[PDB]
Amino acid sequence: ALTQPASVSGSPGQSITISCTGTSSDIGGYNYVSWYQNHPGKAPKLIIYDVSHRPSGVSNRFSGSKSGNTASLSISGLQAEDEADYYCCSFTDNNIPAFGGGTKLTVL
Amino acid sequence: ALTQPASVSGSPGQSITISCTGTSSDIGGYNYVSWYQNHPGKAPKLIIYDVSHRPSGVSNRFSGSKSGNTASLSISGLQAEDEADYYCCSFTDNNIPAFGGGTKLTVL
Amino acid sequence: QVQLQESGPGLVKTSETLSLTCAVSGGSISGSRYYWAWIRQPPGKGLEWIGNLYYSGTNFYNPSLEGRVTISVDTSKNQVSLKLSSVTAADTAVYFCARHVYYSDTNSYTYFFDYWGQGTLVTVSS
Amino acid sequence: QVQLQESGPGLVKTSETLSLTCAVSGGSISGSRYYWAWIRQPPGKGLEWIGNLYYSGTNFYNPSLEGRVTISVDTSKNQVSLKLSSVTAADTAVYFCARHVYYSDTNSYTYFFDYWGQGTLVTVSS
Amino acid sequence: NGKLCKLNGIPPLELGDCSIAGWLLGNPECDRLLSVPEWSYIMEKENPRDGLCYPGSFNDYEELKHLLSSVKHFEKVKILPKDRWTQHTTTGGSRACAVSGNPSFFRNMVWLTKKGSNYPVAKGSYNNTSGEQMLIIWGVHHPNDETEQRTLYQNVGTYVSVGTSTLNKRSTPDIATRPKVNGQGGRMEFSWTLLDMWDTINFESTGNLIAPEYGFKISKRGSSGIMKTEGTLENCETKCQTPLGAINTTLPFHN
Amino acid sequence: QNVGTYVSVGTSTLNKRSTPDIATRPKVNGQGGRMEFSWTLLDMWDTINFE
């Protein structure tokens, strides 16, 4: 599994970053990191794929990158509507998906 | 489903006709009307197929025809042994069989 | 000259699955001119088609009684079989298997139930 | 624009087999760029992958939850399904089906869960 | 003389922009060739347009073109009338072969598809009692994907089986994504045989069968050939014809 | 991992689908297996797909 901060927080209008750390086997090896937004009561929404790309319909306030074995989800212009759990997922040497623990994002 | 008289009757020795009415979709469209004779306690016997043809072993007192959306079973020389339920079946635009309600034939 | 014979429980309880099997003898179940049909006759009612086994294609069923019916085959036994899920009182009937001929031996299409088994009576109750 | 919808018992008893089915509509289940995935989220926990349906290959599963899981398909219904044997309290979760894309439409490999159903909550108890 | 002439008093078959395959299958743009009089030679344009409107291939095509050399007239005979195919849909087609916008198909062929939700085994046969050896063409549809296969035919693991006293062929469709040709990612494969006099050809299919409606009875079998030319018939006569014009001479050599 | 496999290759003119033949064979160069090669010419501006 991948390691994520249990919880992050910030004020509306601020940029906040959610990290995801893995090994060379998942994150470092491949550029297949994706992120999901999950509001309570709903299925997860794909927000980012292939490290930095967005699906059509996803807000441009979402972006991402990676360095070494660490992936990063960046949310600019934080809104009240962004309170959600966020998850990282990546590919790995063992050809199965890997998910992170999940980060709860609290907007103040 | 196809519409049949609930019941018909006649005296021994008379010719009796059992009709079956459908739409252009089943009867009118195709020349695939078949009839069955069903005595209580036994499985249905095929008596007529392809509107007017008989299987080998079927009495020549049985015949049939169609006009428009109406099919007809004709039993000449009515015998006591002919008391049975009779059923019509035809093909249809929706490629599944269609059966009629069934007619009870009473011999007096 | 093929003989068809139905066999199965004469009693199934409400909401259980009814499973009937037809043995075919004196002929094959495989062929390109036939479908194997299941037909039932509730007491006091006419003949209701349930569905067909299309050995070399896909099976098809009566659209009302569609979501509850499965028809299959066992080629080592030369048997065909019917399963009706969630059975209710309305499913009490004499169940029959039949050889449904759609292609004739005279190079044309036809449409009739040629051979019938004698049927098995199944009661559905609580 | 494919819709995915999970359905099944919201309660299974301890040591029984849980069986959930996902209907796929607005798209096929067959394709060479996708796997069908089952994912679950126990209350208070993150997302755990259960396993994938590889329509044209072999199925593969989470190595922990491997000996207890079967994933299969019904092509007449355009449904995929999950079975978990010997269920225990730890198996209470919201179960989801998803379209897992491994090959892109730009001539390269990718890796993401594109479509998700809304999920079905299953309780396991004694 | 610079002209394309009648050879031995008989006009050539001028295909215009049609290929041999387009002609025999019934490409909708080759309607002028549906009824053909006896010809002395065939005038085929090099790189013709009106060929297989539905993208595909034709097996043993060069052998067929060779066969048609020593033929001259042939009669088109209905073998498997379109309306015999009850319990099937005989009205399928494609925008690729469209006529006046409306989707259409090769005119001498029947594209059998599902009726209602079913595709019964498609069967039929023909006994060659026509008086002479007959040319029969049939084909197999190869879908771009499984969805197309299920949409046109309910059955997926399908086959097409054709045979005679000498022919024994069983094909299955190849479902695959392909580059589009004439707008379609699908392909249609055609093949042919000659049905010997008094023999019988049987067809059987669970899907993907493009059935012939007609066969072609060979009528004359004289000596001829296929010429490649962009010209037309000029209302003149010869004994020797080159692609550049007719030759009228008694000399032993020409250049 | 997969056993009932296929190899599919095509262009605007090529349409080929092969399956492997698993069989015991006499060894050649130490192997009882065989590898079959084929080729095409891809016309200019066309596309070849493999699956």
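Letters A, B, C, D, E and F mark the chains as written, and numbering starts fresh at 1 in each.
Heads up, the rule we're going with is that contacts are C-beta pairs under 8 Å (C-beta built on N, C-alpha and C of every residue); 3 or more make two chains touch, one makes a residue touch a chain.
Student: More contacting C-beta pairs: C-E or D-F?
Tutor: Answer to which pair has more contacts is C-E.
Student: Can you work out the whole-Å distance between the CA centroids of subunit E and subunit F?
Tutor: 31
Student: Rounded to the nearest whole Å, what is the centre-to-centre distance of subunit A and subunit D, using the mean of the C-alpha atoms as each centre?
Tutor: About 22 Å separates the centre of subunit A from that of subunit D.
Student: Starting from the mean Cα coordinates of subunit B and subunit E, work out the distance between those two points in Å.
Tutor: Those two chain centres are 46 Å apart.
Student: What positions in subunit D touch 2 or more of the other chains?
Tutor: Expected reply: 32.
Student: For subunit E, which residues are shared contacts with two or more other chains?
Tutor: In subunit E, the residues touching two or more other chains are 86-87, 117-118, 120, 177.
Student: Name the residues of subunit B that each touch 2 or more other chains.
Tutor: 30, 32, 91, 95-96, in rising order.
Student: All pairs of touching chains?
Tutor: All touching pairs, sorted by chain label, are A-D, B-C, B-E, C-E, D-E, D-F, E-F.
Student: Over in the complex, which subunit C residues touch subunit B? Could you list them?
Tutor: It comes out as residues 37, 45-49, 60, 62-63, 96, 98, 100, 110-114, 116-119.
Student: Quick check on the complex: what are the subunit F residues that touch subunit D?
Tutor: 1-2, 51
Student: Inside the complex, what are the residues of subunit A that reach subunit D?
Tutor: Touching subunit D from subunit A are residues 30, 32, 34, 36, 38, 42-46, 49-50, 55, 85, 87, 89-91, 95-97, 99-102.
Student: Can you name the residues of subunit C that touch subunit E in the complex?
Tutor: Residues in contact with subunit E: 32-33, 54, 56-58, 60, 102-103, 107-109, 111.
Student: Please output the residues of subunit B touching subunit E within their complex, sorted ascending.
Tutor: Result: residues 30, 32, 91, 93-96 of subunit B touch subunit E.
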